[PDB]
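Colleague: Build me a model from this:
(chains A and B)
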Amino acid sequence: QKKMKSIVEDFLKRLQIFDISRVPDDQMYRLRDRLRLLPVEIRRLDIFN
Amino acid sequence: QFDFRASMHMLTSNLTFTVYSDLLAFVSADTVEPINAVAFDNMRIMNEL
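Modeller: Numbering: from 1, shown residues only, chains lettered A, B, ... in the order given. Next up is the structure itself:
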């Protein structure tokens, strides 16, 4: 039931060079899809394990 | 001519009943949360979440 748009919004806002008001939701979900195929960092992955 | 024998009848019917018009008023209808609504293939209608 979780919509991951907030995660991508936080990501783009913390990049600090994009104005998220000009980023539509489909682009954010494409970013989510691309992020979903990346491996997790070793420390974060081990903490989650 | 009026004939009593040829005019006396026994009319038969039911004692009492109640007639209803709205059959669907007898159905309690609820819906799942739209986030969990699924299509004919049992997958969620919208999956880009």
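
Colleague: from here on, contacts and neighbour counts on C-alpha atoms
Modeller: Fine.

Colleague: Does stretch B:35-44 reach chain A?
Modeller: Yes: legend: contact between stretch B:35-44 and chain A by CA under 8 Å from any CA of the partner chain is shown at B:35-36.

Colleague: residues from chain B in reach of chain A?
Modeller: Checking chain B against chain A by CA under 8 Å from any CA, the hits are B:35-36, B:48-49.

Colleague: farthest-separated two in those residues?
Modeller: Greatest spatial distance in these: B:36 and B:48, 12.5 Å, computed using CA to CA.

Colleague: And the residue of chain B closest to chain A?
Modeller: Chain A sits closest to residue B:49 of chain B, with a gap of 4.5 Å, by CA to the nearest CA.

Colleague: right, and that residue touches residue A:2 too?
Modeller: Yes: assessed by CA atoms under 8 Å, residue B:49 is found in contact with residue A:2 at 6.8 Å.

Colleague: neighbour-wise, which of the two wins?
Modeller: Neighbour tally, residue B:49 and residue A:2, criterion other CA atoms under 10 Å in any protein chain shown: the higher count belongs to residue B:49, 11 against 7.

Colleague: Contact partners for the more buried one?
Modeller: For residue B:49, the contacting residues are A:1-5, A:29, by CA atoms under 8 Å, 6 or more residues apart in numbering or on different chains.
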